[PDB]
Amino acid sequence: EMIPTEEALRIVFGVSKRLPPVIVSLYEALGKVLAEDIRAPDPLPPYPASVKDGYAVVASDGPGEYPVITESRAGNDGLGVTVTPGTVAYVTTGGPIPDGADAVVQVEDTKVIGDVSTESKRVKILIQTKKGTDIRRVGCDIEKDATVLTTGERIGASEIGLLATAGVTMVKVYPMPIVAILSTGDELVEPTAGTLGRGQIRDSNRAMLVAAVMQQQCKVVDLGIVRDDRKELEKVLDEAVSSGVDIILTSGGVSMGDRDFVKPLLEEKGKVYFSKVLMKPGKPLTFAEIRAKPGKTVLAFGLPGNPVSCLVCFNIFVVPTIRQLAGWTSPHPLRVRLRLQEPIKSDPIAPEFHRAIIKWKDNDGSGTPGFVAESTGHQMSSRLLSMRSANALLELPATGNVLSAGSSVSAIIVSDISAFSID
């Protein structure tokens, strides 16, 4: 019972539930989705503020020479002083406008007159300004009680700046899921192994997945290598489910071998929604939901053992699940359209997620700017070098035809689009 990827994703989305919100500190809120609206407790600026370094004037006075009656840069500077017609006040950018002044003339349109500090301060205003010029009225950037951030908004640097503006240092957010990761196989040895014994390989999926989960900003619970023994894998899965994690990722032990126990163990512990997906690479992907005994849900992905299939299934299915649990309203990956830089043979049986290195060009080959893709070469699921530098997965339909250079395909972007190397 092999299901299409679109259905497998819908099933995963339907089962995945946003985590309960928590309260975190300002810097812990970075990267998280807001679980409450944020309202400004005071206006910005809270006082009428100068846009410029210069002089606060009565605009109707016009060009002329005037005494400087106060200097206003911050705090109580100029408190109680009224700028009346025929006077001016020195101001710096962000300085409070003294009462009575209704415009600011930038310092470049003024000239200091008389002996610097050996006579009372006088300045020549060189222009005719207009009422309100270069003054930020109270609340013109942010009004008191305005909503500056809303529930469901992801917190980036400017949102941290808005929380700080509003004096919020404890924030209600959706947390990231905690993810347990294990590898399976009698053939595996730790990546610290030197000379390999006959029939041994280094466990590469576990470190790869730990890294992938770290890129998604989740806490990792590293459960190590598990051997192809049903009782042993049951014990580790039972320990993982009762530990408080939200997602368990296993790799391997999910194909057709007589010692592949992931599927029967997930069927016994919880509910397996699927164990076969019509995709290349990634056919053995298994997804299950387990209820931890009181009491919460744990999502389990029995990822394929083949290194490419493992990472592709992580990118397509686990990344949107992490985002959904973390409260993202748009957990789907970015899909763009792009032109192939070389010919690519699609698979005749399953739609292929072909690894590519994509870049934006001024000419994508059709005379207009656009993304272009180069294949990473041989796409065998055992060839982790096919994932090297791959920032996208080309979605090739199961036609079996050769897609020529210059033809357009849909591509899933799997790595930070703002970290893309330019053409």
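Numbers follow the displayed sequence, beginning with 1.
- Per the record, residue 294 and residue 295 are separated by 4 to 9 deposited residues that are missing from the model.
- When the two stretches 343-351 and 167-175 are set side by side, the higher mean Cα temperature factor goes to 343-351.
- According to the PDB record, 114-122 carries the higher mean C-alpha B-factor of the two stretches 307-315 and 114-122.
- Taking the PDB entry at face value, the top CA B factor among 82, 243, 321, 150 belongs to 82.
- Ranking 204, 128, 250, 215 by Cα temperature factor from the entry places 128 first.
- Sort the modelled residues of the chain by CA B factor and residue 32 lands in the lowest third.
- Residue 261: CA B factor lies in the middle third for its chain, per the PDB record.
- Compared with the other modelled residues of the chain, the Cα B-factor recorded for residue 273 ranks in the highest third.
- When the modelled residues of the chain are ordered by C-alpha B-factor, residue 19 sits in the lowest third.
- When the modelled residues of the chain are ordered by C-alpha B-factor, residue 331 sits in the middle third.
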